[PDB]
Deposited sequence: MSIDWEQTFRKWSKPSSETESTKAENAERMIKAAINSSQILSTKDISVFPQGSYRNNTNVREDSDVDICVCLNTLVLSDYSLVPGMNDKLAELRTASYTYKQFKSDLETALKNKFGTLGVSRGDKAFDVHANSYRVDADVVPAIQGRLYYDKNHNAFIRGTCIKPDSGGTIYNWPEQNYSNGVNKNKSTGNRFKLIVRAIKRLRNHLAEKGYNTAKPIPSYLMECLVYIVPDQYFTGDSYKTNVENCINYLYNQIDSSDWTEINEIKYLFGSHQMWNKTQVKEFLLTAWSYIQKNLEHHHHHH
């Protein structure tokens, strides 16, 4: 007998009241690591927060701050939408120099290299951050030199190319929060805590559902479903809409550029539907049946 209205209202809160301070500190310290690097301080590099701290969708106190370190002067362009359309400092050298800069500022005990990002955990600066090296990415929509959208590009150690759209994610999230009178991100956080709750209780359908996927999914739900004074009704509306529309959908991420499903993603629609069914059952009272 969970009071789901009061539970979702509680779970709609930020991870803490000091999120902005944690994110500011992470960003400042990563910039300081760059500035103290002889090689990197001479480069056109942007350091910025992304992820749930930047978007105010974080719910875990122990979430690492996501920091992007972007070398703006290396460009990778996607020409796939335009019929017929087609340096000395490399991404690999950049990533190695970034690893060295982070080890120099925070110590080797505070830095590990993953496939995509560096894990920085340095009690001395109170920094817990996932620091990803990126370059400028572009998606062309016409053959003219100016006809592109700008984002970031990641080149993992294991190969391949990842396009990200952090500024577009942030702006569209802000706009939807405005259009819903702040209910959008409240419900994102409520649903992220619901997922974490189910995963901690051993529900296997909740385990392959990542935070960013849920943020994208809730963004997809039309604004009308966020109205009213019942957070429980909002959450139910989200589950209902998503479950009944996902099969025929061709949805994008919150940036409205990248497709939410496909071979470029680690999640699929079947996982999402199974999680939605689990969440729908768990939220009900006095259910006598189980499948």
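J.: Could you give the ranges of the deposited sequence that carry no C-alpha coordinates?
T.: Gaps in the modelled chain, taken against the deposited sequence, lie at 1, 88-95, 301-303.
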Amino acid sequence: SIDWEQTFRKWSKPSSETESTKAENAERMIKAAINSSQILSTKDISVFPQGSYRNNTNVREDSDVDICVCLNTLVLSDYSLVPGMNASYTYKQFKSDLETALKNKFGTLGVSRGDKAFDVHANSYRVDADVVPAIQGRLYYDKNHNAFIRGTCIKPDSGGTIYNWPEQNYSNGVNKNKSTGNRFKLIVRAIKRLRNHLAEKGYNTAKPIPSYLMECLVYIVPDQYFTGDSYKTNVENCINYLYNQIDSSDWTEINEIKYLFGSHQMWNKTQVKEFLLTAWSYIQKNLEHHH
From here on, numbers count along this sequence of modelled residues.
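J.: Looking at the deposited entry, does 29-37 or 62-70 carry the larger mean Cα B-factor?
T.: The stretch with the larger average C-alpha B-factor is 29-37.
J.: Of 77-85 and 164-172, which one has the bigger average CA B-factor?
T.: Higher of the two, by average CA B-factor, is 77-85.
J.: Based on the entry's values, in what third of the chain does the Cα temperature factor of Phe106 lie: lowest, middle or highest?
T.: Middle third.
J.: Comparing against every modelled residue in the chain, figure out the third that the C-alpha B-factor of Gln265 lands in (lowest, middle or highest).
T.: It belongs to the middle third of the chain when residues are ordered by C-alpha B-factor.
J.: Lowest, middle or highest third: where is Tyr259 by Cα B-factor in its chain?
T.: Lowest third, going by the recorded CA B-factors of the chain.
J.: If you rank the chain by CA B-factor, which third does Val221 end up in: lowest, middle or highest?
T.: For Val221, the deposited C-alpha B-factor lands in the middle third.
J.: Quick check on the deposited entry: does the C-alpha B-factor of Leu276 sit in the lowest, middle or highest third of its chain?
T.: Bottom third by C-alpha B-factor.
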